[PDB]
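Submitted below is the structure of interest, expressed as structure tokens.
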Amino acid sequence: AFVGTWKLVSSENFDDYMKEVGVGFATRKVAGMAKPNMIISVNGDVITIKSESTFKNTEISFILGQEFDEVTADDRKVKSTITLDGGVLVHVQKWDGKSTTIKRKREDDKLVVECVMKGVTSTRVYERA
Ligand SMILES: O=C(O)[C@H]1CCCN(c2ccc([N+](=O)[O-])c3nonc23)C1
């Protein structure tokens, strides 16, 4: 359901989200005008999510319910746990007593990414490439 190549088509509140996470202005400026592709693949237990953009490429590979070390696009060193809850991929990142949740869900033709940090929610919609 998640496997594919996905292109960003809309975004709400992403600058506020990155500011709440603690991302500096210059990174927010280039990350916000980026229009990434998200490439999701699976082989057995291992899910890979790639983000490709002219700002930064990133990749995570993980097993559901197995905490892993992640370096984010903004260079945060986080402890990440991804689970699959009612069709939703729920990704929690924990660092310095803080946390952020990124939910990836399939709604109609879209892949919806909901990013929560404290009182800020950002919603990013992707469509198949
Ligand atoms: O995949 C998506 O659409 C977004 C999900 C939430 C995490 N994403 C982010 C991207 C980039 C930067 N950055 O600062 O360059 C972030 N900083 O915080 N979060 C960031 C991508």
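First listed ligand is number 1; within each ligand, the first listed atom is number 1. By convention here, the first residue in the shown sequence is residue 1.
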Practice task
Indicate whether the side chain of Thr100 and that of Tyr17 have a donor and an acceptor atom separated by less than 3.5 Å.
Solution key: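 Indeed, the side chains of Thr100 and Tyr17 share at least one donor-acceptor pair under 3.5 Å.
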Exercise for the section: Identify, chain by chain and in numerical order, each protein residue with a heavy atom under 4.0 Å from an atom of ligand 1. Expected result: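 Residues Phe14, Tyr17, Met18, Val23, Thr27, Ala31, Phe55, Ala73, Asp74, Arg76, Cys115, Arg124, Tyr126 each place a heavy atom under 4.0 Å from ligand 1, listed by chain and number.
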Handout entry: Basic-acidic side-chain contact under 4.0 Å: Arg128, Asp109
Key =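 No.
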Handout entry: Salt-bridge present (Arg106, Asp108; N to O < 4.0 Å)
Key =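 Salt bridge flag = no for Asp108 with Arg106.
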Problem - Cation-pi check, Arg104 onto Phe2 ring (under 6.0 Å, within 45° of axis) - result: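 Output no; distance or angle outside limits.
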Handout entry: Greater than 12 external heavy atoms within 6.0 Å of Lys94's NZ
Key =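 Not more than 12 within 6.0 Å, no.
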Handout entry: Atom NZ of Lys56: over 12 foreign heavy atoms under 6.0 Å
Key =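 Enclosed.
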